[PDB]
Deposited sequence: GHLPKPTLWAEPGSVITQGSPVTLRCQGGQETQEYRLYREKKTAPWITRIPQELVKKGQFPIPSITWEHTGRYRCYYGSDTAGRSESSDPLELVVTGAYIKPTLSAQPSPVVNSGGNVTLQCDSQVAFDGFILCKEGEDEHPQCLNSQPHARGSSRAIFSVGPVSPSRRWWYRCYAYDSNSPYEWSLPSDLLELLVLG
């Protein structure tokens, strides 16, 4: 048989502010209907609540996301009996807004030359053991983290936001830092 691995994504995205809606989506074959979504390590009861009418379209909506929804998800279609596809690449569903927002700055500055590298610093008013830098994807880093980005170029937009988080609950992030725009001389 041949049941290609499905694509899994979230709308509007995988990083959602607490209380906002998000819909996880799975795309298998053109006629696929037997979609299955699941969370790694801990079962997600909210999935069992999804109407079959939506499941068949690969739609798994969360009207108002909460801390309980966060986690690593994967989807596949079919069954052991009828035959199933491999599981999709993982999607890390994260909720933001759990902590005060950090500040993001560029060193030496936000204005750099094409081809140059810049250091981005995420500073928090209090201690956190983890920081995230997302390009508006994201990457992981006692109240500040340093990230290196580049080579930068004028042909692309360089917008960033950073977050602070606690390693004991890695899928819940702080409020996002203000957006930082790098200006590339070019």
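- Missing from the model, by position in the deposited sequence, are residues 137-142, 148-153.
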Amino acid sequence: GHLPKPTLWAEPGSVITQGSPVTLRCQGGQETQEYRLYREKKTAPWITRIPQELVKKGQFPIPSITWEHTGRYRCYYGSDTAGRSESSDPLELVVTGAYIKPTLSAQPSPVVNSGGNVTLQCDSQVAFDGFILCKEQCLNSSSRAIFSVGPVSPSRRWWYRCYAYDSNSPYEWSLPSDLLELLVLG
From here on, numbers count along this sequence of modelled residues.
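- Just going by the entry, 111-119 versus 92-100 on mean CA temperature factor gives the higher value to 111-119.
- Averaged over their C-alpha atoms, the temperature factors of 79-87 and 101-109 are higher for 101-109.
- Annotation for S153, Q59, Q27, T70: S153 ranks highest, by Cα B-factor.
- In this entry, the residue among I132, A127, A44, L54 with the greatest C-alpha B factor is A127.
- Ranked within its chain, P4 lands in the middle third, by CA B factor from the PDB record.
- Ranked within its chain, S169 lands in the highest third, by CA B factor from the PDB record.
- In the PDB entry, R39 places in the lowest third of its chain by CA B-factor.
- Split the chain's modelled residues into thirds by C-alpha temperature factor. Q137 is in the highest one.
- For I65, the recorded CA temperature factor ranks within the middle third of the chain's modelled residues.
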